[PDB]
Amino acid sequence: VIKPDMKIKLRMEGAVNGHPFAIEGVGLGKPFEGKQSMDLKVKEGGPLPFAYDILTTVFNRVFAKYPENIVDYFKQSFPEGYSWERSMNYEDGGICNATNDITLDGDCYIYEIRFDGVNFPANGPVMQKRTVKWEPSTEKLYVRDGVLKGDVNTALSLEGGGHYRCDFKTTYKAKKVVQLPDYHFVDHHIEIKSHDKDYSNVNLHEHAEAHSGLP
Amino acid sequence: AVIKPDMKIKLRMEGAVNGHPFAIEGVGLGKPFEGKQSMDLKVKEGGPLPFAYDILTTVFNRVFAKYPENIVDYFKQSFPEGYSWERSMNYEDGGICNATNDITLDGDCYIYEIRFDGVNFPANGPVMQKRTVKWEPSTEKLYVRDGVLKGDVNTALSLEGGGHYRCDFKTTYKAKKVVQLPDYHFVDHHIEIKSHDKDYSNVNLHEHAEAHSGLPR
Amino acid sequence: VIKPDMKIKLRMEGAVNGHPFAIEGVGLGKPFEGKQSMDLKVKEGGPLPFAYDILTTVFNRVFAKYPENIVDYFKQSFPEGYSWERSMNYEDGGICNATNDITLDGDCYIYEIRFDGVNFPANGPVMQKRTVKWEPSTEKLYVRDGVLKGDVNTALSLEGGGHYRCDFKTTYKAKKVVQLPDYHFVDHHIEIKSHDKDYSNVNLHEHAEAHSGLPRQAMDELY
Amino acid sequence: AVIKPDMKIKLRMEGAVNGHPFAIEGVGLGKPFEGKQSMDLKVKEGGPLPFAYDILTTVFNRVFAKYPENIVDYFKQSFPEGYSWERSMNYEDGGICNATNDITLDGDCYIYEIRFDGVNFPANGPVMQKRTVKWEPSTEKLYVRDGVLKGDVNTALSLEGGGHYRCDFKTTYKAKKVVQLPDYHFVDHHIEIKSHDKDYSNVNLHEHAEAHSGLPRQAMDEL
């Protein structure tokens, strides 16, 4: 039920340090090529008082290229879909929790996202908007208690050079019984391609490919 | 006069655990100078709650803490304007709860606007299986960092079979006006659910807290 | 087994960021009043290139005043004694692992201590010796898998004010079957009372008292 | 060039796990430019080892990593004078291991002095019950901070009955002379025990590592 070219629609409602906001996005991707892009609009809470990069890994592992020799948990879960929950622990104490419920209508994936971040220090790179980009990363995926887990430890490049680390822990839950994968990896690369001064409009790109490590 | 011997509480929580939304409203009373409060809580949406009610109860205000004259009281100084706080609660099995409270004052009644979001509680864990009994008493340590008051507490839920399930709280407190800042100190806490109905649609909750400076006694 | 006045002898061997050192100590204390004091000398690896305070909580919960209300896992364990293992995680990523095997010879406890600290940054408060003292602390003890655990989240105060946080996780192991206590707390207060310029001589004091949290009606209301 | 296509390794490790000391010595050989190495290891004291041998094996040299010309090689620039590293290893049930290695070069032989200290491994956990199978392949990220090189790796042990036991590595790498610092990059690893006797008094250990810089925008898969 996956076509070479899929559409994406999403809404995110959330809060950082107790300030609410809301973002909507339309996008396109090629699930068997592991590539997606999307345009995102802030609809409430603008101009955002925090670094936009903390949102972008939240904005669907169906858009990862899986080799034949690895079980693809995500494409197997449609038409019914799947959801995920995630905690993002930054190295200065900032914590974000996020959830995404992913459903499918026709050729369009539809995401409902909730995001809540707390304890970002006022003088930190997130609240001062001093991030540049996420570095390329490698996610580890493994089964525990009948569902799929993913961990990624990565970092944001910063305006003066330097790196601000963050650790992701994700739980993926298919809405039907699916084949379960063995331990594997997905390399990711996400960038903001364009944006306006206050990030009211963002064009965002991601590329992901599954592997098995040093062969 | 601002902070009276007896005060009222009004609150609404909205939140989600593992992506399941719910909402709760509360009405209560307390004694700010005695460090004691109680409240009755009603699930308004998302009931019956499919998780342990105990992960909510420390989210349901440090103005209700007995401060000796030895220690600057950040929280009573902050009224009438009020203060807000943010907290992350890290459970030893990977369950993470983020919460925020904005606390204002209308006459003799505190009003809380609470948001709660928990993720990654495992289906077979004591939270989703409702195997918790109560929070142990705890000691919070409060200290200033970069102009605001921080509080940390490492504590544990007692569980049904005997056993303890640990959690780390990290709270940032932000007064809404400039107040005098306290030196490093502690608050001892003790929170209990004194009654509840079977599915916890109605909960009666009590807390007791006193600040101190540690040893000597 | 446990006299009102007891003595202490210790030897610690360790490394910080891969640089080795060794310290010997003698002392005295009162296990029932929760007080002790010891004199410490650097034998090897001096002058110490790191903040001495990272060592001092490693230099025995037998020196803690327990009420009869709370089962005393530690006083129960002698003559045989007990051991403990500890990891201390500082907020900037420096980690110290320590072990202590505690035996008893006459009225003198003997400690065999090992200490290993890694990843302290060059310009942090440990390597640059900007620490002042440990704050008073509260360690929570609880049973798991038939042994006693204790966790403490505390902090060192810094030179120009401010605090440097550290989490301790300790495992206590009696060398014999003892009765295990319920969940409880030990308050602590550790202080360096005197030292010379580079801490090759240090006099250290500790006071420690067990309790069970905020009471419904506290006893401290007129005899 | 001080780095040759074939080079030998000599090492001694002394350490302890939950207070029980041991020592291992090893001899090996590896090809730094192909990123491969093998070694034979012998328990010299403290055997038979009461813990899973796997906790030791990532401690038994990033000079044996295949670096492309595209990425600065911090480790091969550091010789002959060499470099040292410190590491904490944080297992998901509370077990923690701190380790250090001081690496020098003698002729064309690498010499390691290793210190290992692990604490708080539960008695019924997979390490003390020896229920581990192997480390999964891993990816290390490397970045500069405070003018030295850091490496982090989050990985897991595979366990006998199925399932995985996670561990987080944090390493500091310090050249002994001034070298040029790399940009953010990665090393994929793969470590396996090729053979061992029943109590692991003798082990043959192999490792493969290659450096890279992440998912390419297009990549050299053009044909």
Side-chain angles (χ1 to χ4, degrees), chain A residues 15-20 49 93 118-123 127, chain B residues 1-13 26-39 58-88 98-116 138-153 169-189 191 207-213, chain C residues 161-163:
Chain A
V16 174
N17 286 1
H19 163 265
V118 299
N119 290 339
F120 284 95
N123 68 337
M127 284 332 284
Chain B
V2 335
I3 299 100
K4 314 181 167 309
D6 276 277
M7 292 280 239
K8 314 199 84 108
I9 311 174
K10 201 152 31 163
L11 68 84
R12 159 160 190 113
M13 173 164 111
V27 153
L29 272 301
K31 312 250 219 204
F33 297 102
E34 259 79 72
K36 283 181 220 195
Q37 61 179 125
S38 60
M39 64 187 57
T58 62
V59 168
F60 291 134
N61 167 26
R62 210 68 57 259
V63 85
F64 297 101
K66 191 161 215 329
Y67 265 85
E69 285 297 89
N70 251 9
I71 307 173
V72 176
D73 193 339
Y74 184 84
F75 304 96
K76 289 189 174 77
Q77 281 180 110
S78 69
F79 292 96
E81 299 61 41
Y83 73 109
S84 61
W85 59 254
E86 310 156 26
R87 174 171 319 156
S88 69
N98 291 343
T100 67
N101 197 352
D102 197 18
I103 301 175
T104 56
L105 184 60
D106 189 342
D108 71 332
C109 189
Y110 302 99
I111 299 160
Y112 310 166
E113 191 195 291
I114 291 171
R115 174 96 212 161
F116 184 100
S138 64
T139 296
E140 176 182 22
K141 61 142 168 146
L142 291 89
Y143 60 97
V144 177
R145 182 169 288 183
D146 296 321
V148 297
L149 196 55
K150 310 286 228 259
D152 296 8
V153 49
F169 303 5
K170 297 175 153 57
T171 303
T172 306
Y173 304 99
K174 296 179 179 171
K176 283 162 179 189
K177 66 157 188 306
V178 175
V179 299
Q180 192 182 8
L181 288 182
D183 284 329
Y184 197 99
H185 71 278
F186 308 89
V187 175
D188 295 340
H189 306 252
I191 187 152
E207 193 219 339
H208 177 199
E210 308 195 356
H212 70 88
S213 300
Chain C
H163 283 88

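Worth knowing before you read on, the calculation uses all heavy atoms, side chains too, and leaves out hydrogens, waters and symmetry mates. To find a chain, count down the sequence lines: A is the first, B the second, and so on, and within it residues start at 1.
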How far apart are the closest heavy atoms of [X] and [Y], and which atoms are they?
X       : Y      : result
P32(B)  : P5(B)  : CD-O, 3.5 Å
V187(B) : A65(B) : CG1-CB, 4.4 Å
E34(B)  : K66(B) : O-CD, 3.9 Å
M127(A) : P49(A) : CE-O, 3.2 Å

Got [X] and [Y] here, is their nearest side-chain heavy-atom distance under 4.5 Å?
X       : Y       : value
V148(B) : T172(B) : yes
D6(B)   : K31(B)  : yes
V118(A) : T100(B) : yes
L181(B) : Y74(B)  : yes
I114(B) : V59(B)  : yes
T139(B) : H189(B) : no
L29(B)  : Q37(B)  : no
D183(B) : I71(B)  : no

From [X] [atom1] over to [Y] [atom2], what is the distance, rounded to the nearest 0.5 angstrom?
X       : Y      : atom1 : atom2 : result
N101(B) : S84(B) : CG    : OG    : 8.5 Å
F116(B) : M13(B) : CZ    : CE    : 6.0 Å
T171(B) : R87(B) : OG1   : CZ    : 3.5 Å
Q180(B) : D73(B) : CD    : CG    : 10.5 Å

By ring-ring contact (aromatic ring centres under 6.0 Å, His included) - contacts of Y143(B) (at least two apart): none
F75(B) and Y83(B): aromatic ring centres closer than 6.0 Å? yes
Give the C-alpha distance, both sets of side-chain angles, the deciding distance and a yes or no for side chain to side chain contact (heavy atoms under 4.5 Å, CB included) between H185(B) and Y67(B). CA-CA 10 Å; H185(B) 71 278; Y67(B) 265 85; 2.6 Å; yes
Does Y184(B) form a side chain to side chain contact (heavy atoms under 4.5 Å, CB included) with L142(B)? I'd like the steps, not just the answer. CA-CA 6 Å; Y184(B) 197 99; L142(B) 291 89; over 6 Å; no
Throw together a table of side-chain donor-acceptor distances under 3.5 angstrom for residues 103-111 of chain B, partners on residues two or more places apart or in other chains.
none

salt_bridge(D102(B), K176(B)) N-O dist < 4.0 Å: yes
Charged N to carboxylate O under 4.0 angstrom, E86(B) versus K170(B)? no
Please determine if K76(B) forms a cation-pi arrangement with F33(B), meaning its NZ or CZ atom is less than 6.0 Å from the six-membered ring centre and no more than 45° off the ring axis. yes
Determine, step by step, whether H208(B) and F64(B) satisfy the ring pair (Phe, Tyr, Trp, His ring centres under 6.0 Å) criterion, reporting the C-alpha distance in whole Å, the side-chain angles of both residues, the deciding distance to 0.1 Å, and the verdict. CA-CA 8 Å; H208(B) 177 199; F64(B) 297 101; over 10 Å; no
State, without any angle test, whether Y173(B) and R62(B) hold a side-chain donor-acceptor pair at a distance under 3.5 Å. yes
For the side chain of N17(A) and the backbone of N119(A), is there at least one donor-acceptor N/O pair under 3.5 Å apart? yes
Where do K10(B) and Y112(B) land on the side chain to side chain contact (heavy atoms under 4.5 Å, CB included) test, with the steps shown first? CA-CA 6 Å; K10(B) 201 152 31 163; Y112(B) 310 166; over 6 Å; no
